[PDB]
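Please note: Cβ atoms are built from the backbone with ideal geometry, for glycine as well, and neighbour counts cover all protein chains shown. Each answer follows from the model by the rule given with it, or from the source it names; no laboratory read-out is quoted.
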Amino acid sequence: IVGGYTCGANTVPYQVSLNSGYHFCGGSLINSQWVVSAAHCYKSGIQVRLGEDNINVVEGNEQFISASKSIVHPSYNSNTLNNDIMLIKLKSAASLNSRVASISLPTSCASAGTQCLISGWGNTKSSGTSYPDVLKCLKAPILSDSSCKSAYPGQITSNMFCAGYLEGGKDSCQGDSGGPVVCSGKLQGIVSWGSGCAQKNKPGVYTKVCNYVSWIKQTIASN
Ligand SMILES: NC(=[NH2+])c1ccc2nc(C(=O)c3nc4ccc(C(N)=[NH2+])cc4[nH]3)[nH]c2c1
Ligand SMILES: [Ca+2]
Ligand SMILES: [Mg+2]
Ligand SMILES: [Zn+2]
Ligand SMILES: [Zn+2]
Ligand SMILES: [Zn+2]
């Protein structure tokens, strides 16, 4: 997250860190046994770490659970990143408490202008590399589809939306991938892609979760 602030320990209790020996992507807890992340974050051997703040220090509120199965969207396209969403089932159910909570799926899609909260342990420099150990947050509005499409001509589909600032400065970035974009208490997006991080007129692009709710509900009920 570039141009954001330290969230505060466990103030984003549905945020998850996907670990394969190190943190490589974020995700969101949607119920005690399931996590939603981005399909471009797919790996074999994922351990889900819940209740995290500093990912390099065990502070006492974490739950480390291995994944039993991963399901990448049937129509995920790795070249265009269309349908960039994946579901991960936990081997054991997580214990929900104040520090570990699930986030709600949307009943409808959010409007341009709506303010959202984006979080993650991804890079914090636009021109440089600095990976934080504690969770970073960023409040950003959903942009209009026309500014999103003018920034990325022929690359935005109906399953994506842009959020951020065209002036540059604040954006999600590599490492934040798969993490949550929560607006009005619902999970509306998944950190997916962008052009570099925080560059002017190159806002972040997110998976539009409201288009996948029936696929999510049907898939977790049958697995
Ligand atoms: N398992 C891997 N090897 C892997 C995992 C995640 C990755 N992510 C990128 C990436 O290249 C990438 N993820 C981004 C997310 C947001 C923005 C943004 N500017 N909003 C830019 C991004 N670039 N490469 C990745 C490689
Ligand atoms: Ca920790
Ligand atoms: Mg994240
Ligand atoms: Zn990369
Ligand atoms: Zn990138
Ligand atoms: Zn990524």
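A few notes on this one:
- Any hit, the stretch 128-138, residues being surrounded by 17 or more Cβ atoms within 10 Å (Cβ to Cβ), assigned to a loop (DSSP other than H, G, I, E, B), out of contact with any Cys (no Cβ under 9 Å at 6 or more places or on another chain) and not small (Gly, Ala, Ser): yes
- For the stretch 32-65, the set of residues classified as surrounded by fewer than 20 Cβ atoms within 10 Å (Cβ to Cβ), near ligand 2 (Cβ under 10 Å from one of its atoms) and under 16 Å from the mean Cα position of the chain (by Cα) consists of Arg49 only.
- Looking across the stretch 1-31, the residues that are away from ligand 2 (no atom under 15 Å from the Cβ) and over 11 Å from the mean Cα position of the chain (by Cα) come down to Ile1, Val2, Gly3, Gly4, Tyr5, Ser20, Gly21, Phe24, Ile30, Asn31.
- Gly3, sole failed condition from (1) within 16 Å of ligand 6 (Cβ to nearest atom); (2) outside the structural domain of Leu90 (by CATH): (1)
- Inspection of the stretch 66-84 finds no residue satisfying the criterion of being within 16 Å of ligand 5 (Cβ to nearest atom), touching a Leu at 6+ places or on another chain (Cβ under 7 Å) and within 30 Å of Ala198 (Cα to Cα).
- Counting only residues that are within 18 Å of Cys148 (Cβ to Cβ) and among the hydrophobic types (A, V, I, L, M, F, W, C), the stretch 204-223 holds 3 of them.
One line per residue, one yes/no per condition, for (1) within 15 Å of ligand 3 (Cβ to nearest atom); (2) farther than 16 Å from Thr114 by Cβ:
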site: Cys173; (1), (2): yes, yes
site: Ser184; (1), (2): no, no
site: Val191; (1), (2): yes, yes
site: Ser195; (1), (2): no, yes
site: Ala198; (1), (2): no, yes
site: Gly204; (1), (2): yes, no
site: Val209; (1), (2): yes, no
site: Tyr212; (1), (2): no, yes
site: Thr219; (1), (2): no, yes
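- Scanning the stretch 66-95 for residues that are under 19 Å from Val182 (Cα atoms) and assigned to a loop (DSSP other than H, G, I, E, B) returns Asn83, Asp84, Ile85.
- Condition broken by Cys162, with the remaining ones in (1) part of a helix (DSSP H, G or I); (2) crowded, with 24+ Cβ neighbours inside 10 Å satisfied: (1)
- Residues that are touching a helix residue (DSSP H, G or I) at 6+ places or on another chain (Cβ under 9 Å) and part of a strand (DSSP E or B), drawn from the stretch 168-190: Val181, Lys186, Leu187, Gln188, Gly189, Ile190
- Residue within the stretch 85-98 that is within 16 Å of ligand 6 (Cβ to nearest atom), outside the structural domain of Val134 (by CATH) and closer than 30 Å to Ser146 by Cβ present: yes
- The single residue among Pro141, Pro203, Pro153, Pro180 that is away from ligand 6 (no atom under 16 Å from the Cβ) and in contact with a strand residue (DSSP E or B) (Cβ under 9 Å, 6 or more places away or on another chain) turns out to be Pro141.
- In this structure, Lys202 does satisfy being of a type in the set (D, E, K, R), within 11 Å of ligand 1 (Cβ to nearest atom) and under 18 Å from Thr80 (Cα atoms).
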